[PDB]
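Notes for the one structure printed next.
Just so we're on the same page: letters track the sequence lines, and every chain starts at 1. Both counts, for ligands and for their atoms, begin at 1 and track the order of listing. All values below were derived from every heavy atom in this structure, side-chain atoms included, with hydrogens, water molecules and symmetry-related copies excluded.
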Amino acid sequence: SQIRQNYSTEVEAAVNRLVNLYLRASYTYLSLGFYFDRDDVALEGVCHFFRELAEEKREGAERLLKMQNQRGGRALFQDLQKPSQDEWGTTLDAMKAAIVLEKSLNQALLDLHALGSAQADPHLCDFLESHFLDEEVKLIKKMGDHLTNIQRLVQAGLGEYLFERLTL
Amino acid sequence: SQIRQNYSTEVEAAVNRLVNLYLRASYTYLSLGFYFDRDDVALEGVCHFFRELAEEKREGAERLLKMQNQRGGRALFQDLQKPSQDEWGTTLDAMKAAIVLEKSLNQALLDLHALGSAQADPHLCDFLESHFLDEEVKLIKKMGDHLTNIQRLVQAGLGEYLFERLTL
Amino acid sequence: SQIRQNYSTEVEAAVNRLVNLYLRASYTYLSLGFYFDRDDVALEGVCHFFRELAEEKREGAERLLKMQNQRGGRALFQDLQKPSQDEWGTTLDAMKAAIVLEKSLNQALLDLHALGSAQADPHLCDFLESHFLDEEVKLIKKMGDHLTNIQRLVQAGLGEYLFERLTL
Amino acid sequence: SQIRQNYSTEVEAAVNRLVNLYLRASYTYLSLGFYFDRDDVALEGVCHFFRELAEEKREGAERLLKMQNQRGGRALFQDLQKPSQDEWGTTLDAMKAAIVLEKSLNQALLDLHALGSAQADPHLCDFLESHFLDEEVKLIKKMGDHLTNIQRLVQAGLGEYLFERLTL
Amino acid sequence: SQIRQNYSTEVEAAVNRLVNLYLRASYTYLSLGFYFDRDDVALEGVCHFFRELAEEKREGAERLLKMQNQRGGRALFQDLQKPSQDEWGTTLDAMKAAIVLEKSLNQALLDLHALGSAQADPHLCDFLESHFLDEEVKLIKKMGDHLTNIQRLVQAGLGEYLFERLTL
Ligand SMILES: CCCCCCCCCCCCOS(=O)(=O)O
Ligand SMILES: CCCCCCCCCCCCOS(=O)(=O)O
């Protein structure tokens, strides 16, 4: 590419894998969101929480794709695997699966940052710090808070209703 | 009628029966609404939920009556039977009876649509789709959601209070 | 009822009968209104006059139902008989039937007031005076005025058109 | 056509015929409108009623033409026959001829819908329901109302003046 | 008195007794209100509910006093006995005592009305109907509603908190 400068093939490839990870995450949240929209689950605040995360993850993928092009790398898309579950259980189960998901994304961001540092790619480092690293830390903190409040509330049916009504 | 065109006697008659069904439903909701207004029941959000439905059902009847005249059919009114109950029990009992009621209305709409299709009456089909079919589906979904949340909340007294306060 | 005070069973029952009378009246006006909406009758001002009365009568029933609950009485609904006619003839015929109807309602209000006085129920008396007695007197006066103008106008077709156009 | 999908030659041709019918109708209303503008007829409200219908019918033709192109069909125009009359008599005569005209259009819409259903063309069905079927039913109802009021008014000269002044 | 007309000594005296009853009631509500303001009770919504009633009852006394002067009667004040309790227990206990109190006031209003009717004093009757009778009925209905919801909520501590938070 006429514009490519200091952009390793290793980072280029890892960025493509990270796009797949973010779209997979977006797909997982779409599934979570619509599960809580079922008439036999019916937790609107939980549905909205997860639908908003689906959107955030899709936007993360787009930011990575934009950056890939800015650096002269080439987007390569792969199949997107379906989410790990068809049904997501309680709000507690769902929030637990979500924090596991976010931790996996965070670890992928950290690995990518380590790769960038090894490749001496300061633009990539800045990119990850500016748009991802603190976003993830904040989100994981929030999910941790939610998990603590959910568990505090487990009269489990009553607790699930109240959390959705008064927190989400 | 000078204006009547492609409007079968079968549809005309079924429309009159459907008006009776909708007014009966409106009457049932009036009864439900005032039951929850009793000093010994006292659930204002439940009262309002049912009173609003009484109004919706009456408006459905008026829309059918207007349409009947538009097609050159003739409104024929019949006695309106009183609701199936004098007292409606808990919010749960009431919501259960309401979803049964809505399903019966929905089935009547579906039968009328099938009749219209058999009579090749596309204006009637459009009329039912535009003003009734999706309305019913949405309402039944909402009642299903409510039922799930109500059952989740059954400390039954506490649950009934909280649902009325925080959902209705 | 924990709140019931100075509210006789006789008044409670008569209030329930009066609700039935008001809903019957509302039903009668719904029928009148849609009759004048027929393409072969087509008197929009007459249709609107009666449709508005249907609404007023329904609201009267709701006021009675609200009052019943306020006093600790219990609403009991009964079958609603269909209106006395399927077709209502001329504006004159219709207005004549309407004033007969209103007189019957007025007489029921007067009987209820007499019952309340015999039961020494001053809250009921105030209720009837504030919300019904003068309303009826005013409405009956208006119908009387209309009847006089209608009869004055009977070239009967011309007269019916002009009354609907210039008065209603 | 590169875009044509599920659009039968039968429907394409019937749509072209329907365009001819709508333009013919527009032409008929133009003639009616200007007849009532004659100094020896002079009924401005009748003139305006028919001129507005001429415009509506032309717009119907344009909607059909637009739809034809959207589906990849090809507009084919044919000669437009002149209206059935040069002079249109009374408002009554004119309104009678208009309702006959609208019924013929309505029947053509119904036939086209039946053709679409036989050809399993759901886009065409939606198109007819959304833009034509209820429009026709409403218009025919209105003309029926007018006819009833006109006939009620037949002192025929006086009646024709009053209808034009107070209704149109 | 130069203005006194149709105002019996019996009514005059009963009006003075009723003023004492209303001020006693105001005093009782002042006590209730400040009890719920105690640091070891601490239910702000209950405190406010009763403090507002103290004000309403004082205003009732002033209206009676104004009316007494309007009729040419003479205000005579008597000692005001302290409330029946120093401490008022739970919200439930308090609301129960309040409805007993309101019923006693209502009965006094009814007795006064009966006296007025026996004395053929229509101004007094109008006065009681306009300013007191429906006010009492409404208040008693509300207290009945509250009692039902309170009892529904009795985890008694949790229930008392939730009622104060979500209803009062
Ligand atoms: C325009 C009034 C027509 C009423 C027709 C009479 C049927 C009564 C059915 C109950 C209506 C209950 O309606 S509601 O508005 O009170 O909920
Ligand atoms: C955009 C014009 C297309 C006209 C097509 C020519 C057909 C003429 C039919 C009369 C139109 C009468 O139309 S009107 O507007 O005068 O009432």
Side-chain angles (χ1 to χ4, degrees), chain B residues 19-37 47-66 75 77-83, chain C residues 19-34 37 47-66 75 77-83 101, chain D residues 19-37 47-66 75 77-83:
Chain B
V19 165
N20 192 268
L21 282 174
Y22 268 74
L23 294 174
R24 277 174 57 193
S26 183
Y27 203 10
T28 295
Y29 285 129
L30 180 67
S31 178
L32 277 156
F34 281 96
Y35 172 79
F36 286 95
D37 178 62
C47 172
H48 198 85
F49 178 82
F50 288 127
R51 291 188 73 187
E52 180 55 57
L53 288 179
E55 163 175 347
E56 297 309 298
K57 296 308 176 196
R58 181 185 45 76
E59 293 173 339
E62 295 180 16
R63 188 158 301 209
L64 288 160
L65 288 169
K66 180 191 192 185
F77 298 101
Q78 303 290 352
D79 297 331
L80 291 173
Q81 61 189 280
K82 71 180 186 180
Chain C
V19 165
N20 192 268
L21 282 174
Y22 268 74
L23 294 174
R24 277 174 57 193
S26 183
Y27 203 10
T28 295
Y29 285 129
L30 180 67
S31 178
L32 277 156
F34 281 96
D37 178 62
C47 172
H48 198 85
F49 178 82
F50 288 127
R51 291 188 73 187
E52 180 55 57
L53 288 179
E55 163 175 347
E56 297 309 298
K57 296 308 176 196
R58 181 185 45 76
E59 293 173 339
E62 295 180 16
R63 188 158 301 209
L64 288 160
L65 288 169
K66 180 191 192 185
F77 298 101
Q78 303 290 352
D79 297 331
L80 291 173
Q81 61 189 280
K82 71 180 186 180
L101 180 52
Chain D
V19 165
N20 192 268
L21 282 174
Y22 268 74
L23 294 174
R24 277 174 57 193
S26 183
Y27 203 10
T28 295
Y29 285 129
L30 180 67
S31 178
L32 277 156
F34 281 96
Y35 172 79
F36 286 95
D37 178 62
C47 172
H48 198 85
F49 178 82
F50 288 127
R51 291 188 73 187
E52 180 55 57
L53 288 179
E55 163 175 347
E56 297 309 298
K57 296 308 176 196
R58 181 185 45 76
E59 293 173 339
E62 295 180 16
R63 188 158 301 209
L64 288 160
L65 288 169
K66 180 191 192 185
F77 298 101
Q78 303 290 352
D79 297 331
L80 291 173
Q81 61 189 280
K82 71 180 186 180

Check each N or O atom of ligand 1 against all protein N or O atoms and list the pairs under 3.5 Å, with atom names and distances to 0.1 Å, one per line.
{"unit_1": "ligand 1", "atom_1": "13 (O)", "unit_2": "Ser26(B)", "atom_2": "OG", "d": "3.4"}
{"unit_1": "ligand 1", "atom_1": "15 (O)", "unit_2": "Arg58(C)", "atom_2": "NE", "d": "3.3"}
{"unit_1": "ligand 1", "atom_1": "15 (O)", "unit_2": "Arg58(C)", "atom_2": "NH1", "d": "3.2"}
{"unit_1": "ligand 1", "atom_1": "15 (O)", "unit_2": "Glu62(C)", "atom_2": "OE2", "d": "3.4"}
{"unit_1": "ligand 1", "atom_1": "16 (O)", "unit_2": "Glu62(C)", "atom_2": "OE2", "d": "2.4"}

Identify every side-chain donor-acceptor pair in residues 53-60 of chain B under 3.5 Å, counting partners at least two apart or on other chains, and give the distances.
{"unit_1": "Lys57(B)", "atom_1": "NZ", "unit_2": "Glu102(B)", "atom_2": "OE1", "d": "2.7"}
{"unit_1": "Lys57(B)", "atom_1": "NZ", "unit_2": "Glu102(B)", "atom_2": "OE2", "d": "3.2"}
{"unit_1": "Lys57(B)", "atom_1": "NZ", "unit_2": "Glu136(B)", "atom_2": "OE2", "d": "2.8"}
{"unit_1": "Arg58(B)", "atom_1": "NH1", "unit_2": "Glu62(B)", "atom_2": "OE2", "d": "2.7"}

message = Any heavy-atom pair between the side chains of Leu30(C) and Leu23(B) that's under 4.5 Å?
response = yes
key: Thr28(D) (side chain) donor-acceptor with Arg24(D) (main chain) under 3.5 angstrom   = yes
ask   = Taking all non-hydrogen atoms of both residues, which atom of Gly33(C) and which atom of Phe50(C) are closest, and how far apart?
value = N-CB, 3.7 Å
key: Where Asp37(D) and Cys47(D) come nearest, the two heavy atoms and their spacing   = CB-SG, 4.0 Å
request  = Look only at the side chain of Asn20(D) and the backbone of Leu80(D), and say whether a donor-acceptor pair between them is shorter than 3.5 Å.
outcome  = no
